[PDB]
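**Student:** pasting the structure only:
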């Protein structure tokens, strides 16, 4: 499992369509089943005009998205394949910036494991975070947790140095190489991510066990 985190780390390409015009962006995701990706909701949605709900970037019926792994393999998906943890309350905080993508059953990729049991991450813990800042592969090796934020019971944001734009959606890994969280912010307003709660882990597994 030495190379399992790296080889599960996918680049995301997003093509947001509006009318007959398209704008593109990039992000990151992690394979946690042969045909299931973990990522952030904000690769796909943003705040509604009044911040009351999450809302698709571009036209959801026209958008196209793509994943690519380090070995060069790639595949496509659409909005029909995206499962948001909570699109309605997405604007309320990073606790809801969470999404799972179910790819076709013909996708049979090697993947990392979602952690079986929740383990609280503490300040001064060292994490391993993978992603594609500016679309380029990057591994934040043993980056230290400096600040924690309790979003809800057993639901913590953590801050660690290293993230830049494009890395959001990349995986946070424990020392065994299991997925425990995901990177969410690499902008100038503090790099960090979300450590998945027992509830969020169960929800992801419910999506996996549909596949």
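**Tutor:** Yep, that arrived. Numbering: from 1, shown residues only.
**Student:** can you tell me how far residue 61 is from residue 78?
**Tutor:** 8 Å (CB to CB, to the nearest Å). C-beta coordinates here come from the backbone N, C-alpha and C atoms, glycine included.
**Student:** the two: which has the busier surroundings?
**Tutor:** Per other CB atoms under 10 Å, whichever of residue 61 and residue 78 has more neighbours is residue 78, with 13 against 10.
**Student:** residues contacting the more buried one?
**Tutor:** Neighbouring residues of residue 78 by CB atoms under 8 Å, 6 or more residues apart in numbering: 63, 64, 65.
**Student:** okay if I get the residues you listed as JSON lines plus secondary structure, neighbour count and distance to residue 12?
**Tutor:** Listed next are the contacts of residue 78 as JSON lines, based on DSSP: H, G, I helix; E, B strand; the rest coil; neighbours: other CB atoms under 10 Å; distance: CB to CB, whole Å:
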{"residue": "63", "secondary structure": "coil", "neighbour count": "20", "distance to residue 12": "12"}
{"residue": "64", "secondary structure": "strand", "neighbour count": "16", "distance to residue 12": "12"}
{"residue": "65", "secondary structure": "strand", "neighbour count": "23", "distance to residue 12": "7"}
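**Student:** tell me which residues of stretch 64-84 come out buried.
**Tutor:** Buried positions in stretch 64-84, judged by neighbour count with 16 or more other CB atoms under 10 Å: 64-69, 75, 77, 79, 81-84.
**Student:** will you turn the residues you listed into TSV that also has distance to residue 116 and secondary structure?
**Tutor:** Listed next are these as TSV, based on distance: CB to CB, whole Å; DSSP: H, G, I helix; E, B strand; the rest coil:
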residue	distance to residue 116	secondary structure
64	34	strand
65	29	strand
66	30	strand
67	25	strand
68	28	strand
69	24	coil
75	27	strand
77	27	strand
79	30	helix
81	25	helix
82	25	strand
83	21	strand
84	24	strand
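**Student:** from these, pick the one nearest residue 25.
**Tutor:** residue 65 (10.1 Å; CB to CB).
**Student:** the strand ranked longest in the chain packs against which elements?
**Tutor:** The longest strand of the chain (DSSP state E) is strand 21-33. Counting contacts by 3 or more CB pairs under 8 Å, 6 or more residues apart in numbering; DSSP states H and E, strand 21-33 packs against helix 4-8, strand 9-18, strand 36-39, strand 126-131, strand 179-185, helix 198-208.
**Student:** the shortest one pairs with which strands, and in what direction?
**Tutor:** Strand 36-39 has its sheet partners listed here by DSSP bridges as strand 21-33 (antiparallel), strand 99-102 (antiparallel).
**Student:** now do the buried residues in the longest one.
**Tutor:** I take that to be strand 21-33. So, applying 16+ other CB under 10 Å, buried residues of strand 21-33: 26, 27, 28, 29, 30, 31, 32, 33.
**Student:** fine by me, thanks again.
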